[PDB]
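Here are the chains, one letter per residue:
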Amino acid sequence: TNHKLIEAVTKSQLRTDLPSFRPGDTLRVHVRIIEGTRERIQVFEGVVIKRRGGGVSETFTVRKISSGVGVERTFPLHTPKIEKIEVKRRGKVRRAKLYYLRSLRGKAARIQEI
Amino acid sequence: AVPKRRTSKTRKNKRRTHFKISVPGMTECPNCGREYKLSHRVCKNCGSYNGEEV
Amino acid sequence: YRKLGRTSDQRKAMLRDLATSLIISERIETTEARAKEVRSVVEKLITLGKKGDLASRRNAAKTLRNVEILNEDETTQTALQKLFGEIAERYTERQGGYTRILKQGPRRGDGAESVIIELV
Amino acid sequence: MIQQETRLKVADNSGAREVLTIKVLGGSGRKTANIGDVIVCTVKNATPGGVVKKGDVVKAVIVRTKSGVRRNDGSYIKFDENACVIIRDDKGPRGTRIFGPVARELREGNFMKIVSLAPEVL
Amino acid sequence: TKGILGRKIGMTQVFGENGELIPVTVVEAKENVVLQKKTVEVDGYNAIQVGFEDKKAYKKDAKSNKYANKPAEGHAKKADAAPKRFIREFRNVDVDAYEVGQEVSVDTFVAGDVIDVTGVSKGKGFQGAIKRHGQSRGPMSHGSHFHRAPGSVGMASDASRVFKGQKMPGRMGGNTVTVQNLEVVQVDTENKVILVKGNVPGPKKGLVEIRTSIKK
RNA sequence: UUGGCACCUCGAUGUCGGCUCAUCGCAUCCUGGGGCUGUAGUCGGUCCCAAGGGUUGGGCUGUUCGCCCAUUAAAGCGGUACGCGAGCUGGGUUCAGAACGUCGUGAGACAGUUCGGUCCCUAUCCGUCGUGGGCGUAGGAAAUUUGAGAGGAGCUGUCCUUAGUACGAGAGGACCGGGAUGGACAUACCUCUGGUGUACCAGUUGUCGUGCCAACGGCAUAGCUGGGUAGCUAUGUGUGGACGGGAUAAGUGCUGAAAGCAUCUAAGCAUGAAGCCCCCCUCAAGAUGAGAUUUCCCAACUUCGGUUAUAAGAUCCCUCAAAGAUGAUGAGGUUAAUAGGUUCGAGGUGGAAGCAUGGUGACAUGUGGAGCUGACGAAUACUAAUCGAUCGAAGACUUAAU
Ligand SMILES: [Mg+2]
Ligand SMILES: [Mg+2]
Ligand SMILES: [Mg+2]
Ligand SMILES: [Mg+2]
Ligand SMILES: [Mg+2]
Ligand SMILES: [Mg+2]
Ligand SMILES: [Mg+2]
Ligand SMILES: [Mg+2]
Ligand SMILES: [Mg+2]
Ligand SMILES: [Mg+2]
Ligand SMILES: [Mg+2]
Ligand SMILES: [Mg+2]
Ligand SMILES: [Mg+2]
Ligand SMILES: [Mg+2]
Ligand SMILES: [Mg+2]
Ligand SMILES: [Mg+2]
Ligand SMILES: [Mg+2]
Ligand SMILES: [Zn+2]
């Protein structure tokens, strides 16, 4: 394991609510932002590039194209701000870090579903 | 990179204190008592180390 | 880990040669560092001979050499055959420590520490 | 991590299409800039018949970068480009449209006409 | 104004009140025992020895700091406690609220209690002037032959010497460091642990002196 | 600075500028404190104290100087062989080649210009940065330590509020006081984002090999490519320069004479700067003035004087790192989890080999989040840290109090 004490301290910060997803698949992320007035909830619908880390330091970055501009939104997996994670597809992928998509945009960025 | 002054016998000898070598990590072999050997090493004579020939 | 006055590939080949030579000879006279590094190699190979699967032969052929040894029945045999057929059958209760070392003493030419390493 | 001699695309309609930075504003010895920060600039490429033409010196806001920004929740946001929007006094543009997405830190930066005109804040 | 010894274990994350991320450092402080209570009468300065990490007892033929030596075993018997591995004093702490043999706990501190941790930094070896003092590297092209060396050293005939505070290559290693104004986040008592916000000095398996801040 | 004199150097004192590294002065550029004002207020002028910190990036030029662009609190003046070439460069001047203008009958010449043009050295001494051994500190040892001293850090903007107040016709617009947030810098560290990551994982080309298919191996920059554990790191994460005290500087005052008054001074008293001594951080008892505390060890022979090995303690020697050029420091040394291996995991890669199945085939699917996995976590004596050896006290005299 990581460490018998690290794990036992940082257990409480974990979250078991969440699903099992992999880099490749298009998911949504219902972020719980705090705009300067109040709390809204905007969604970031994109494909997962990667997941790294172990434990509370697990992460996953998501990539969306808004208007020809590529966006890359990284998160900690165990935030309280992520109220919900929905999952649309399960994309087919032979790697774990889809960094080849950063150079590709359009018909070549297509992930094939299973 | 070139000395201006010769190095006296006094300085030569004051420097050649720590250049010596020490008594090795020597011990007896208990198979033969005498024929001192190196510690944690095989005995050349007895071929031994903890009783067993090698 | 450790580097032995050799670059990466030379180190790999030296280690494979030492492993294989050990498997053939059952004891070899070397320097202590090369011993201390090849014991890991050897012991992992013995573990593969104990697991005994085809995939384990295939993974140990990645690390052994194709050598031919004559048996005492005047018979032809390979390192890998010897390994998976004899050596892993000797150690079926022994859980590691398939190899020992004996510090011999300082070599004349280079002042190196010679050792003897065998698979008891 | 935006410096001198960085060329930034321009995310408005003011006439400028590529823009080169000169000095980052905020203090002395300031090496770099990042999202939300203001820069002096010059226009190396301009759209024909644009309001803001070639070789005009002008201020601008950094709107999006590859060397993105960290948030207090650990969330990061990066982009596939570097972009500017050109301004004057009152922290608002001399254009009227903004292209592509924009970051939230401009809210704290009081660039509110920009945030309102941006088609997607992120 | 208190004090406690520990071991740097490492670093993790933890989430605050508002989803705020927090980089945090784990410090295990078990087997903390007051041993000697110094006094202005006898030592001239009021202070408190504190032990850490109970270790093994006398052995006739011992060969390490594992097995405690007979002076130390006596020093601790005088407190009616076990021999100890790490000892340090704490002058800022008060005298009356500690007696000898008393066991300190992590529970002394509290969430939000501000501190300063002092520990022996990580060991970089013999290093050069750049790595060690943050100097600049000479140019790597244009016919240069000065890349990573320390530059000039002194001036000339006037000042035909090299001032003492000159900066040259040497041992970059384990220098004692105090980090100030760090915040205590959380405390765990089954595990006897202290979570500290930040980047405390020294390596893993390494002693750490946590104590209350002198400046506020 | 321009020069003068020609005292050192011609059996060699390397010569402009830039770079790296800083150091000092103050005739102070900013910030600090004050007086006068033709000081309404914001801003300013001028002078006084003040050297703690800071005092920018580019264009042109070999260029220093200088002009310009853009900022900044400010973009300081000078010295240090116009600081620093056994620390770099060598653009420029200053060798030999060549050419223009001009001079010269000519060879050739020009503080005229132009193209090109070899920058040697393994550091003896001092010095400096780090690191150890010897002895000493009146017994021998282990740990914790005060601090004579030394060193470091010492910066500053923008905003909000007081308050759109005081001021002023208005335009405009404070001090004081409180709070917040950044630039540069220093430091520690790697959970985060990124980098590397040559005994990690996978893909792939050519060629040769393991007898052939399959699978593997070697060479091709690690063959190339895509990710990447540990550690090392910044571009990343945290913190810092906080709040104050005492005595002073220019000054500002009270009392108060000498001099019936006046009068900050002569006696006396109070106040007063980012400055000084402290507070803060680190090293520190070789501080030969060698400190203190706590604990441990405490015989036998004697020429009588003194010895002796031995105790405590530490080393040799070995296994290793959190340490490291080597010594050393630290974890451990069989009454043993120090490293290796082994079994589990984390993290990483991303779906092994074989078999079967659908396809003419390239391939695809299932068995199966498969198999591999160097450094990280845990458990486990399987292997090696064997037996041993060496060093290491018996505490001088005097005086006084007991
Ligand atoms: Mg190769
Ligand atoms: Mg070079
Ligand atoms: Mg001479
Ligand atoms: Mg000479
Ligand atoms: Mg002055
Ligand atoms: Mg000069
Ligand atoms: Mg030179
Ligand atoms: Mg020069
Ligand atoms: Mg010359
Ligand atoms: Mg003529
Ligand atoms: Mg001339
Ligand atoms: Mg040429
Ligand atoms: Mg990192
Ligand atoms: Mg890590
Ligand atoms: Mg091949
Ligand atoms: Mg084949
Ligand atoms: Mg060949
Ligand atoms: Zn023997």
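cryo-EM is the method the PDB entry states for this structure, with the resolution given as 3.1 Å.

As recorded by the PDB entry, chain B carries the name 50S ribosomal protein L32 and is attributed to Staphylococcus aureus subsp. aureus NCTC 8325. What the PDB record gives as the title of this entry is "70S ribosome from Staphylococcus aureus". Within the UniProt record for chain B, the comment given under Sequence similarities is "Belongs to the bacterial ribosomal protein bL32 family."

If you check the PDB entry, chain A appears there as 50S ribosomal protein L19 from Staphylococcus aureus subsp. aureus NCTC 8325. In its Function section, the UniProt record describing chain A reads: "This protein is located at the 30S-50S ribosomal subunit interface and may play a role in the structure and function of the aminoacyl-tRNA binding site." Per UniProt, chain A carries the Sequence similarities text "Belongs to the bacterial ribosomal protein bL19 family."

Turning our eyes to something else, we now look at the overall build of chain A. Helix and strand counts for chain A stand at one helix and seven strands. Principal axes of the C-alpha set define a box for chain A whose edges measure 45 × 40 × 20 Å. Evaluated residue by residue, chain A yields a buried proportion of 39% over its 114 residues. Taking contacts inside chain A between residues at least 6 apart in sequence as the whole, the part at least 24 apart equals 50%. Of the accessible surface of chain A, which amounts to about 6800 Å², a share of 45% is contributed by carbon and sulfur atoms. Looking at charge distribution, chain A has the averaged site of its 27 positive side-chain charges lying 7 Å from that of its 11 negative ones.

Our next topic: the layout of surface pockets. In this model, the largest pocket occupies a volume close to 580 Å³. As for the largest pocket, its lining consists of 20 residues, of which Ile34 of chain A together with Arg71, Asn72, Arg104 and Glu105 of chain D are closest to the centre. Among the elements that take part in the lining of the largest pocket, helix 1 (residues 105-108) of chain D stands out by supplying three residues, more than any other. In terms of residue class, the lining of the largest pocket is built from three nonpolar, five polar and 12 charged.

Residues and elements named next belong to chain C. Going through the model one piece at a time under the given rule, you end up with 25 salt bridges over all chains. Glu86 is the salt-bridge partner of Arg90, the closest N and O atoms lying 3.0 Å from each other. Placement of both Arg90 and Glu86 in helix 4 (residues 79-90) is noted, with a separation of four residues, approximately one turn of the helix. Judged by relative accessible area, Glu86 falls into the partly exposed class, the value being 34%. Members of the salt-bridge network, linked through shared partners, are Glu26, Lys82, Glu86 and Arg90.

Residue and element names in this part refer to chain E. Across the sheet, four strands lie side by side as 5-4-3-6; this open sheet has antiparallel pairing. Only two strands of the sheet have a single partner each, and these edge strands are strand 5 (88-89) and strand 6 (103-104). Looking at chain direction, strand 3 (residues 32-38) and strand 6 are connected through two bridges and run antiparallel. Following the sheet pairing, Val33 is matched in strand 6 by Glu103.

The next point concerns the side chain of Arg16 of chain C. Residue and element names in this part refer to chain C. By secondary structure assignment, the location of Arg16 is in helix 1 (residues 8-25). Summary of buried charges: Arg16 has no salt-bridge partner, and the nearest side chain of opposite charge, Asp17, is 6.6 Å away. Here the side chain of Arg16 touches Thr63 through a polar contact of 3.3 Å, landing on its backbone oxygen. Sequence-distant contacts of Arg16, defined by excluding residues within four places in its chain, comprise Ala61, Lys62, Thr63, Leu64 and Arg65.

Residues and elements named next belong to chain C. Reading across the sheet, the three strands line up as 1-5-4 and stay open at both edges, with antiparallel pairing between neighbours. Only two strands of the sheet have a single partner each, and these edge strands are strand 1 (27-31) and strand 4 (100-106). Strand after strand, the sheet turns through a mean of 25° between neighbouring axes, direction not considered. Sheet analysis places strand 4 next to strand 5 (residues 113-118), joined by six bridges and oriented antiparallel. Bridge pairing links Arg100 to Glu118 in strand 5. Across the sheet, helix 1 touches strand 1 and strand 5, and the angle it forms with strand 1 is around 145°. Of the strands in this sheet, strand 1, strand 4 and strand 5 touch helix 2 (residues 32-51), which is tilted by about 125° from strand 1.

Looking now at the interface of chain B and chain C. Taken together, the eight residues of chain B in the interface contact seven residues of chain C. Across the interface of chain B and chain C, roughly 630 Å² is buried in total on both sides, 59% from carbon and sulfur atoms. Applying the counting criterion to the chain B and chain C interface returns one salt bridge. A salt bridge links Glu113 of chain C to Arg41 of chain B; its shortest N-O distance comes to 3.2 Å. The interface formed by chain B and chain C holds two residue pairs in polar contact in total. Here the residues of the side of chain B that touches chain C sort into four nonpolar, one polar and three charged.

Criteria and thresholds
Here the numbering of residues is sequential along each chain, from 1 in written sequence order, and it may depart from the entry's numbering. Residues without coordinates do not appear. Lettering for chains starts from A, numbering for ligands starts from 1, and both go in the order in which the items are written. In this view the chains form part of a larger assembly, and all numbers refer to the visible part. Each side-chain value is worked out from all heavy atoms of the structure, with water and hydrogens disregarded. UniProt positions are given in the numbering used here, feature names are shortened, and annotations may be inferred rather than shown by experiment. Comment: elements are numbered from the N terminus, with helices defined as DSSP H or I runs of at least four residues and strands as E runs of at least two. When a residue's accessible area, from a 1.4 Å probe over protein chains only, is under 20% of the maximum for its type it is buried; when over 50% it is exposed; and in between it is partly exposed. Residues count as neighbours in contact if any of their non-hydrogen atoms are within 4.5 Å of one another. Only the protein chains shown count as cover for residues, with accessible areas throughout obtained via the Shrake-Rupley method and a probe of 1.4 Å. Neither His nor the chain ends contribute to the count of charged residues, in which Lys and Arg are positive and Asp and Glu negative. Every charge is mapped to an atom, namely NZ of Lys, CZ of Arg, CG of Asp or CD of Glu. A pocket, in this scheme, is an open set of points on a 1 Å grid over the protein atoms alone with protein on both sides within 12 Å along at least 5 of 7 lines, while a cavity is a set where a 1.4 Å probe fits but cannot get out; residues line either one if an atom lies within 4 Å of a point. Grid points are joined across faces, edges and corners, and a volume is the space filled by probe spheres set on the points. Residues are grouped as follows: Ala, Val, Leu, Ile, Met, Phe, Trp, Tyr, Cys and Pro are nonpolar; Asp, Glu, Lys and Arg are charged; all remaining types, including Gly, are polar. In what follows, salt bridge is the name for a side-chain nitrogen of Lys or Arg lying within 4 Å of a carboxyl oxygen of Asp or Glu. Two strands make a pair as long as DSSP finds a minimum of two bridges between them. Polar contacts, as counted here, are pairs of nitrogen or oxygen atoms within 3.5 Å of one another; within protein the pair requires one atom able to donate a hydrogen and one able to accept it, and residues that are adjacent in sequence qualify only if both atoms are side-chain atoms. For every element, the axis is a line fit to its C-alpha atoms; helices are fit only across the contacting stretch, and the angle between N-to-C directions ranges from 0 to 180 degrees. Note on definitions: buried area is the accessible-area loss of two parts on being combined, 1.4 Å probe, summed for both.

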